[PDB]
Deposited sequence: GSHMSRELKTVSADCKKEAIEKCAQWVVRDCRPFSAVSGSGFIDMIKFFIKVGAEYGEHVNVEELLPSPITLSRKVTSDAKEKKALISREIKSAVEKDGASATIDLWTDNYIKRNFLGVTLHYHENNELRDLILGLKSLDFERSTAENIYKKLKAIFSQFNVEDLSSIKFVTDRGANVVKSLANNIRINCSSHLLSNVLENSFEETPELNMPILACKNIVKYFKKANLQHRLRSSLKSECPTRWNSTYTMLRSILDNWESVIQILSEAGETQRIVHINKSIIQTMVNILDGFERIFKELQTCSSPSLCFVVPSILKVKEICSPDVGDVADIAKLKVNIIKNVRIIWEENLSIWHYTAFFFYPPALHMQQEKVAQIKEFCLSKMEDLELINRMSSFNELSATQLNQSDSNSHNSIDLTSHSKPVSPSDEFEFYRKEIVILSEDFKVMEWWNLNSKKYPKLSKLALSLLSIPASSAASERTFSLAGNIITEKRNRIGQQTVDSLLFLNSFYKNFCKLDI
């Protein structure tokens, strides 16, 4: 038990042999700190203890080709294993997924990613189900649904009606899922609000463009090195990138005026009304908070959609101290928040917010349809629960929730609040933690593309479609079912 430490002169040879691994095999300094790398050294000291210090390393060490073939083998294994645990969630309603498409930068295979999302031991599960190519079929709806089913047939899922799907409004995607539950990613919606709002306020184009021309010049003249925080990409459309550049420009205002002065290029910054820039950055600062809040799948996010909208109605509260150009932006942004964000919300966004214990808010109209909604879902739990055998009624259990009060203490976790409430509310708290499992966005699947890209790289470019789907699910699995 008591893991013995090693002599000082011994460990001087660990950092002597590790720093040789990294220079000879061109590997990252932080490979040594990897949760998988350590367990693989546990195994090699054990074997050393067993067979002594004169073992056939070559022979005993596997071959990359077989390592390739084992991940391919172990892939199917771990898929079958949870083939049951997954199958549970989809049956017992509370399973949500997010899908989107993505295309790699070397072969350019169209890819479809799927994740899955459910609640368990007072914790959330963001698991990467599949990432399969369409080889090169047209990205048509029916081909997508074709490959959607194939991911779920891997774990023996097949009704996929009880599944709540969360995607962007990509026309081809939207149609694929017209047969089942589909929730609109609120990050694309929010991004749509910004995009359309700033398009609709071209009074602000003059400041912005000039900023972009600053960044563009700093990149071209090889002088981002004199900044303590280099200036960011203009508008290659990374969600809220317009705030991003503006801040990095503002956060380096003094150094920039100085650098441009030395260049004699002072001409191209003086026309920038900084007063406005600043004002934009404060207004969008509130927004960036909502972006990160809604990219969370390790804590309930769906429920935070409605109150975010109110914060935006408030950042954009009309104020008689504003220059007309900002007045226009706030005017426009409240307009889009209505016709774009509100317009594409559903009773999954309200009900998720209803199950927030400060339930005082949505007192108006919405409870009459939420009650209609809430009742019919708890009824489908029982339906599928009676199939599992082979006073205190819900319509009142509802209003017993509506009478309670709570405070919003900074340590409050409404996810834990329902695990610690299932006794009095046995069948409603199973509905709640089912909705708190739904992610407010498809950012999960977005990270899968980030991850996928982390694998299929310059040197690793020969990598196969199956190798990638395996390696992803595995990594994802060894995170949801291991410590």
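In this chain, the deposited residues that lack C-alpha positions fall in the ranges 1-5, 396-421, 515-517.
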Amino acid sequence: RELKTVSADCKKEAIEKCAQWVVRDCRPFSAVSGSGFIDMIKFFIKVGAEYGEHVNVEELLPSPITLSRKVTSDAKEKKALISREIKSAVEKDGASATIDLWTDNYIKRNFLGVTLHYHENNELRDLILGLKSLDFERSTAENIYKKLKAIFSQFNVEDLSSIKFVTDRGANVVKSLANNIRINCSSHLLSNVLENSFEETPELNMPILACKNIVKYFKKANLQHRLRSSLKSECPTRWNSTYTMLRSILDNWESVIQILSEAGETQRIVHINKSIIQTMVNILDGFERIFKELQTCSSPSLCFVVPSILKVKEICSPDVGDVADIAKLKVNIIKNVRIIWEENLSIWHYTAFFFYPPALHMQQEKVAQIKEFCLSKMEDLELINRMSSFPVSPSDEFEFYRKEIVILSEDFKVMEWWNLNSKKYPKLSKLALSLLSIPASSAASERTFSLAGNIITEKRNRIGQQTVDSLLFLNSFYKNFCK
From here on, numbers count along this sequence of modelled residues.
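The mean C-alpha temperature factor is higher for 297-305 when 297-305 and 106-114 are set side by side. 313-321 and 168-176 differ in mean CA B-factor, and the higher of the two is recorded for 313-321. Among 218, 390, 243, 145, the highest C-alpha B-factor recorded in the PDB entry belongs to 390. Within the group 444, 31, 40, 420, the record's highest C-alpha temperature factor is found at 420. Split the chain's modelled residues into thirds by C-alpha temperature factor. Residue 17 is in the middle one. Per-chain ranking of the deposited C-alpha B factor places residue 429 in the highest third.
When the CA B factors of the chain's modelled residues are split into thirds, the value for residue 455 lands in the lowest one. In the PDB entry, a CA B factor belonging to the highest third of its chain's modelled residues is recorded for residue 235. Residue-level temperature factors show residue 481 in the highest third of its chain, judged at the C-alpha atom.
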